[PDB]
Amino acid sequence: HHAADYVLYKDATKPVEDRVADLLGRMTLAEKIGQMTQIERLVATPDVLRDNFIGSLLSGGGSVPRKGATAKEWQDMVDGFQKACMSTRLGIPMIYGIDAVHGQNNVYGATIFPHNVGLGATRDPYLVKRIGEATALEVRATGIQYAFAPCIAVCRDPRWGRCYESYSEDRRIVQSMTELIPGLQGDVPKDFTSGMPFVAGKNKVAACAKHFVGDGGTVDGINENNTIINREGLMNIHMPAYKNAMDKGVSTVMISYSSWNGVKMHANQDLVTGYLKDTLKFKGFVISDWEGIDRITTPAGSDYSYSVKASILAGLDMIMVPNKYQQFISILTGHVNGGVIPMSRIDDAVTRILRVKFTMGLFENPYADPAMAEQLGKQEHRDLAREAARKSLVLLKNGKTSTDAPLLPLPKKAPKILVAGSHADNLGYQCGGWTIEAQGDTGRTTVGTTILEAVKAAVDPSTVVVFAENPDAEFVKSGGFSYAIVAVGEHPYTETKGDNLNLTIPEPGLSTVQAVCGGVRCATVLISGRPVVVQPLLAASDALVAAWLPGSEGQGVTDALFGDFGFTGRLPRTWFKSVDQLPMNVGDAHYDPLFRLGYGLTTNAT
Ligand SMILES: OC[C@H]1O[C@@H](S[C@H]2[C@H](O)[C@@H](O)[C@H](O[C@H]3[C@H](O)[C@@H](O)[C@H](S)O[C@@H]3CO)O[C@@H]2CO)[C@H](O)[C@@H](O)[C@@H]1O
Ligand SMILES: *[C@@H]1O[C@H](CO)[C@@H](O)[C@H](O)[C@H]1NC(C)=O
Ligand SMILES: *[C@@H]1O[C@H](CO)[C@@H](O)[C@H](O)[C@H]1NC(C)=O
Ligand SMILES: *[C@@H]1O[C@H](CO)[C@@H](O)[C@H](O)[C@H]1NC(C)=O
């Protein structure tokens with residue numbers, strides 16, 4: 001279709017499948033295996049990307065051009081890598097992935113949304129769609145085209161260090177929140193075939209339903225461990241949201257480090273190929289987790305030849321290596337050259353990778369758009385995050401007896417008020433994990449508004465606001481305070497550092513609440529990724545709010561505390577009386593919660 005040097009795969013007017021087939025039929029084995037290889041920016045150079053025909057790059061948690069980097073610094077980095085990939089013989093653009101799991105959260109100045117557990121408390125799938133939309137814009141602000149989200153784990157045990165990445169213990173709520181997908185990617189057309197990949201164009205991103213499957217079902221919530229449950233329970237609890245993701249055209253699926261009845265997911269041909277591909281008709285690409293193939297073996301990495309064979313035969317398409325690319329490529333080449341892995345398997349993996357790349361427009365818009373940089377941390381997006389934070393809050397108590405005047409909403413005009421606690425003025429704590437670093441951090445780690453700052457922004461000009469991080473009882477009794485707002489809770493974590501068998505918050509936390517509330521009526525704001533032991537905090541407090549990990553926009557908290565809006569959040573998880581009860585989920589035969597799933601007290605707006 002027209003100049004003498006025409007190449008069908010480069011013609012943007014042609015159908016995606018024809019483009020895929022045209023390009024695939026021109027590729028060498030080295031070109032093919034290159035597409036299946038995703039590497040860390042940390043090991044990427046222009047020559048490495050060209051010489052190994054690399055298909056994809058990622059930033060792992062905290063893998064950044066430098067701390068504090070601007071949106072344009074990110075665009076320039078990604079475009080430098082892209083220029084190298086475009087200079088190859090076939091000029092196949094790379095796709096760049098990142099964990100944009102509550103906003104574009106590795107990036108300084110990105111809006112940070114509530115984590116998933118709080119989003120589940122909103123029961124507002126349209127809010128979550130609008131978050132996916134805003135997140136796509138902030139990811140493309142940085143030149144990145146692919147987000148490793150949503151996590152659709154159904155966390156069945158809050159001792160898991162990733163429980164905050166799960167919208168709920170109830171699969172129906174997780175199903176509902178798959179609306180993130182068409183927010184990130186755009187809505188699928190009317191005619192759409194379930195399981196096809198979809199991204200609307202250069203202002204959207206490829207999404208990733210993760211981690212397939214049962215990552216939330218592991219024994220005692222041990223991260224990356226074994227999920228022991230019969231097929232009926234796997235299909236009833238852990239699988240359903242994957243079908244909703246197919247129906248909404250999720251572009252990619254990431255495999256879990258976990259096992260199902262002792263079989264590693266990264267080696268599970270029956271589930272990856274027999275179920276996802278052949279039964280759900282998934283036609284996008286299947287990506288490993290980080291060194292996921294290495295962890296097939298015990299110890300991890302002890303027979304990488306086997307890891308490559310087992311994973312590729314199971315049906316994985318793209319391997320997040322992410323560092324030892326030379327060894328990966330060499331081993332996979334040898335297996336194909338030996339007949340251990342048939343060309344048909346290679347050609348399927350590459351078909352799927354190319355299908356997502358062509359579908360999303362990456363061959364037409366391989367480079368960043370400098371006009372999108374100003375989307376990062378845009379006030380409209382912060383206003384959305386503030387709405388989300390406020391909707392996510394669950395009011396657990398609002399008065400010590402049935403006869404007390406309700407403490408919340410608090411008056412904005414008072415002579416003097418106290419704001420206290422370890423989490424009242426700590427932006428990193430209020431954001432939790434996957435913020436700037438994987439594990440999060442402490443203090444002013446990005447642009448935002450802490451609880452203290454939000455209080456000062458809300459109150460009448462006549463109200464004197466005193467901050468004391470950990471005041472003693474005398475200080476409170478002598479201070480002439482009308483009331484106190486005290487914020488405490490968990491430190492940031494992810495993955496296996498967050499696995500926690502006791503679920504008691506660090507001190508000083510309870511002791512500050514006791515000191516404060518003993519001297520003046522108090523509203524306790526608990527920041528956590530999950531339910532934690534709460535009776536002692538409840539006993540001390542007049543009012544108590546489960547604010548989860550609300551993100552950068554602390555004014556969401558004060559919007560409800562001062563009555564601009566009423567409390568509407570409902571628990572998306574069971575609140576246990578004791579950790580010896582766990583696991584314990586709604587619907588279990590022996591269900592004895594402190595607060596059941598769905599519990600939440602309400603207030604009306606002033
Ligand atoms: O990020 C791509 C996919 O990565 C994997 S593993 C991911 C871990 O969940 C996270 O805990 C880990 O954080 C470590 C940093 O990489 C280290 O540099 C520092 S020293 O310590 C932290 C935590 O120990 O990072 C890994 C790489 O990002 C996930 O399971 C996927 O959900 C994620 O998409
Ligand atoms: C589960 O963790 C235990 C205890 O750490 C470990 O020995 C075992 O290999 C893990 N199992 C799986 C399947 O990951
Ligand atoms: C609870 O477990 C965490 C994480 O495993 C540990 O670091 C902490 O000290 C524990 N708390 C108590 C009271 O044992
Ligand atoms: C809040 O509004 C509801 C619904 O109108 C009402 O029934 C309830 O009495 C109200 N509570 C307060 C404190 O105004």
Side-chain angles (χ1 to χ4, degrees), residues 115-118 120-121 153-166 168-169 215-228 257-258 394 396-397 421-423 426 428-434 438-442 470 486-515 517 524-541 544-550 571-586 588 590-597 599:
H115 272 302
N116 291 176
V117 64
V154 182
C155 170
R156 293 301 281 174
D157 194 322
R159 297 167 294 177
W160 188 33
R162 316 189 72 160
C163 204
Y164 64 85
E165 296 198 77
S166 174
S168 178
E169 75 199 35
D215 42 350
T218 61
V219 177
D220 293 345
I222 296 163
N223 186 219
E224 307 194 18
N225 207 253
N226 198 16
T227 292
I228 305 170
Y257 290 123
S258 65
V394 180
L396 293 177
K397 185 180 179 174
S422 54
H423 289 57
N426 187 323
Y429 285 5
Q430 84 181 50
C431 294
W434 290 107
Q439 292 293 324
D441 205 356
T442 185
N470 191 204
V486 58
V488 300
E490 299 192 299
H491 295 172
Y493 54 81
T494 4
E495 274 232 78
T496 302
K497 308 261 228 308
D499 285 355
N500 179 332
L501 300 173
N502 65 80
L503 302 179
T504 64
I505 66 168
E507 292 307 294
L510 178 62
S511 58
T512 297
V513 170
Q514 291 173 328
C517 300
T524 296
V525 177
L526 178 56
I527 298 289
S528 69
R530 53 184 162 200
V532 293
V533 175
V534 79
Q535 298 96 320
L537 291 167
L538 284 169
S541 300
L544 188 146
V545 174
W548 317 104
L549 305 172
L571 292 183
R573 295 200 67 77
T574 292
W575 210 299
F576 54 79
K577 290 181 173 177
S578 169
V579 297
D580 310 329
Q581 304 180 290
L582 299 175
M584 184 180 78
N585 298 283
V586 266
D588 287 348
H590 282 272
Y591 193 60
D592 187 20
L594 186 67
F595 303 107
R596 61 183 233 286
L597 184 138
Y599 181 88

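One is the number of the first residue; the rest follow in order along the sequence.
For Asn502, the side chain to side chain contact (heavy atoms under 4.5 Å, CB included) partners at least two apart in sequence or on another chain are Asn500, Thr504. Take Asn223 and apply the side chain to side chain donor-acceptor pair (under 3.5 Å) test, not counting sequence neighbours, and it matches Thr496. Every residue two or more places apart in sequence or in another chain was checked for a salt bridge (charged side-chain N to carboxylate O under 4.0 Å, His left out) with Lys497, and none qualifies. The ring pair (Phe, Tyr, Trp, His ring centres under 6.0 Å) check on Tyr599 picks up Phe595, with sequence neighbours excluded. Judged as a salt bridge (charged side-chain N to carboxylate O under 4.0 Å, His left out), and not counting sequence neighbours, the contacts of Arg530 are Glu490. Remark: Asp588 pairs with no residue by the salt bridge (charged side-chain N to carboxylate O under 4.0 Å, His left out) rule, at least two apart or across chains.
The pair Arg156-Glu169 does not meet the salt-bridge criterion, since no charged nitrogen lies less than 4.0 angstrom from a carboxylate oxygen. A salt bridge links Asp220 to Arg159: at least one charged side-chain nitrogen sits closer than 4.0 Å to a carboxylate oxygen.
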Any chance you could lay out the side chain to side chain contact (heavy atoms under 4.5 Å, CB included) test for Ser168 and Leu597, step after step, and finish with the verdict?
-> CA-CA 9 Å; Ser168 178; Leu597 184 138; 4.2 Å; yes
Does the pair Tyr164 and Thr494 meet the rule for a side chain to side chain contact (heavy atoms under 4.5 Å, CB included), with working shown?
-> CA-CA 9 Å; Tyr164 64 85; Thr494 4; 3.1 Å; yes
Step by step, work out the side chain to side chain contact (heavy atoms under 4.5 Å, CB included) result for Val545 and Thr524.
-> CA-CA 6 Å; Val545 174; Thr524 296; over 6 Å; no
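Within the model, atoms CD of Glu495 and CH2 of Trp434 stand 7.0 Å from one another, a figure rounded to the nearest 0.5 Å. In this structure, CG on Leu526 lies 8.0 Å from CH2 on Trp548, to the nearest 0.5 angstrom. Atoms CD and OG, from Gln535 and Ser578 in turn, are 8.0 Å apart once rounded to the nearest 0.5 Å. Separating the CZ atom in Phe576 from the CG atom in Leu594 is a distance of 9.0 Å, to the nearest 0.5 Å. In this structure, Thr442 OG1 and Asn426 CG are separated by 4.0 Å, a value rounded to the nearest 0.5 Å. Here the OH-CZ distance, from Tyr591 to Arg596, works out to 8.0 Å after rounding to the nearest 0.5 Å.
Counting all heavy atoms, side chain and backbone alike, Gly217 lies closest to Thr227 at C-OG1, 3.3 Å. Among all heavy-atom pairs drawn from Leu396 and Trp575, the shortest one is CD1-CZ3, 4.0 Å. Scanning all heavy atoms of the two residues, the minimum distance from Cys155 to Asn585 falls at O-OD1, 4.5 Å. For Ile505 against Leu510, the heavy-atom pair with the smallest separation is CD1-N, 4.3 Å. When all heavy atoms of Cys163 and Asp157 are compared, the closest pair comes out as SG-O, 4.4 Å. Counting all heavy atoms, side chain and backbone alike, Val525 lies closest to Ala547 at CG1-CB, 3.7 Å.
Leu549 has its side chain out of reach of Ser528: every pair of non-hydrogen atoms, C-beta onward, lies at least 4.5 Å apart. Annotation: side chain of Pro593 is not in contact with side chain of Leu571 (no heavy-atom distance under 4.5 Å). Between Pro158 and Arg573 there is a side-chain heavy-atom pair separated by less than 4.5 Å.
For the pair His115 (side chain) and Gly433 (backbone), a donor-acceptor distance under 3.5 Å is present. Judged by distance alone, with hydrogens and angles left aside, the side-chain atoms of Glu165 form no donor-acceptor pair with the main-chain N or O of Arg162 at under 3.5 Å. Judged by distance alone, with hydrogens and angles left aside, the side-chain atoms of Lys397 form no donor-acceptor pair with the main-chain N or O of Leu544 at under 3.5 Å.
Between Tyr429 and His423, the angle of the ring planes lies from 30° to 60°, which puts this pair in the tilted group.
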